[PDB]
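Heads up: the structure comes next, in structure tokens.
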Amino acid sequence: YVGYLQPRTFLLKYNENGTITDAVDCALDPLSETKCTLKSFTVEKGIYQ
Amino acid sequence: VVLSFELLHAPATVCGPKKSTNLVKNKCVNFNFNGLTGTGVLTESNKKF
Ligand SMILES: *[C@@H]1O[C@H](CO)[C@@H](O)[C@H](O)[C@H]1NC(C)=O
């Protein structure tokens, strides 16, 4: 498999071990943009600019 | 001769002459770890690098 890298901004989650467990790609979809804005992988109910 | 000093977050490995001093614990002692300078107490760290 071959893929190509692009300049993007990511939100990476480091656990207590120190390993990157999860990641969010901000520009993928509006939910990911909301997550990157709020700096949390869980977004509560509401409207977010 | 133009000596360009490119510095960034990496092992420098270009460290002009300086001696080493025995490590101390549980005492506020100035530290210079491979160019990272500061003050504080040094303790054995349980985190897994
Ligand atoms: C993460 O740290 C915990 C602490 O006890 C340990 O049990 C666990 O094995 C560690 N995870 C890995 C992948 O080593």
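Letters for chains follow the order of the structure tokens (A, B, ...), residue numbers begin at 1 for each chain, and ligand numbers begin at 1 in the order shown.
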
* Any idea which chain B residues end up within 8 Å of chain A if we count only C-alpha atoms, as JSON, numbers by chain please? -> {"B": [47, 48, 49]}

With N, CA and C atoms kept, could you save the residues just selected as an mmCIF file, in the first residue's frame?
data_model
loop_
_atom_site.group_PDB
_atom_site.id
_atom_site.type_symbol
_atom_site.label_atom_id
_atom_site.label_comp_id
_atom_site.auth_asym_id
_atom_site.auth_seq_id
_atom_site.Cartn_x
_atom_site.Cartn_y
_atom_site.Cartn_z
ATOM 1 N N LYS B 47 8.019 7.180 35.246
ATOM 2 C CA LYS B 47 7.381 7.150 33.938
ATOM 3 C C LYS B 47 8.234 6.376 32.942
ATOM 4 N N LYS B 48 7.569 5.703 32.005
ATOM 5 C CA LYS B 48 8.220 4.779 31.079
ATOM 6 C C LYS B 48 8.456 5.485 29.749
ATOM 7 N N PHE B 49 9.662 6.014 29.572
ATOM 8 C CA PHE B 49 10.043 6.592 28.293
ATOM 9 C C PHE B 49 10.174 5.502 27.241
#

* Asked: Where does DSSP see helix (DSSP H, G or I) in chain A, if you list the residues as a PyMOL selection string?
  -> chain A and resi 30-38

* List every residue of chain A that DSSP, applied to the backbone of this structure, assigns to strand (DSSP E or B), and report them as a ChimeraX atom specification. => /A:10-14,20-25

* Can you list, as a PyMOL selection string, every protein, DNA or RNA residue that comes within 12 Å of region 4-7 of chain A when you count only C-alpha atoms, leaving out same-chain residues fewer than 3 positions away? -> chain A and resi 1+10+25-27

List as a PDB file with N, CA, C and O atoms, in the first residue's frame the protein and nucleic acid residues near residue 12 (chain B), meaning an atom at most 9 Å away when only C-alpha atoms are counted, but skip any in the same chain fewer than 3 places from it.
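Writing done, so here's result_20.pdb:
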ATOM      1  N   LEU B   7      19.658  24.322  15.396  1.00  0.00           N
ATOM      2  CA  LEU B   7      19.256  23.741  16.670  1.00  0.00           C
ATOM      3  C   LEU B   7      17.755  23.485  16.676  1.00  0.00           C
ATOM      4  O   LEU B   7      16.969  24.316  16.210  1.00  0.00           O
ATOM      5  N   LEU B   8      17.369  22.325  17.199  1.00  0.00           N
ATOM      6  CA  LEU B   8      15.971  21.918  17.264  1.00  0.00           C
ATOM      7  C   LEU B   8      15.848  20.801  18.295  1.00  0.00           C
ATOM      8  O   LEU B   8      16.820  20.434  18.961  1.00  0.00           O
ATOM      9  N   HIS B   9      14.637  20.261  18.421  1.00  0.00           N
ATOM     10  CA  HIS B   9      14.362  19.228  19.415  1.00  0.00           C
ATOM     11  C   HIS B   9      14.941  17.885  18.986  1.00  0.00           C
ATOM     12  O   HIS B   9      14.249  17.075  18.360  1.00  0.00           O
ATOM     13  N   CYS B  15      28.576  19.039  21.454  1.00  0.00           N
ATOM     14  CA  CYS B  15      28.621  19.713  22.754  1.00  0.00           C
ATOM     15  C   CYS B  15      30.060  20.057  23.041  1.00  0.00           C
ATOM     16  O   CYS B  15      30.823  19.143  23.376  1.00  0.00           O
ATOM     17  N   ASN B  34      22.854  18.085  28.796  1.00  0.00           N
ATOM     18  CA  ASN B  34      23.059  18.073  27.347  1.00  0.00           C
ATOM     19  C   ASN B  34      22.482  19.324  26.689  1.00  0.00           C
ATOM     20  O   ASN B  34      21.869  19.268  25.622  1.00  0.00           O
ATOM     21  N   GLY B  35      22.680  20.463  27.340  1.00  0.00           N
ATOM     22  CA  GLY B  35      22.190  21.730  26.843  1.00  0.00           C
ATOM     23  C   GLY B  35      20.877  22.187  27.441  1.00  0.00           C
ATOM     24  O   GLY B  35      20.559  23.380  27.349  1.00  0.00           O
TER      25      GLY B  35
END
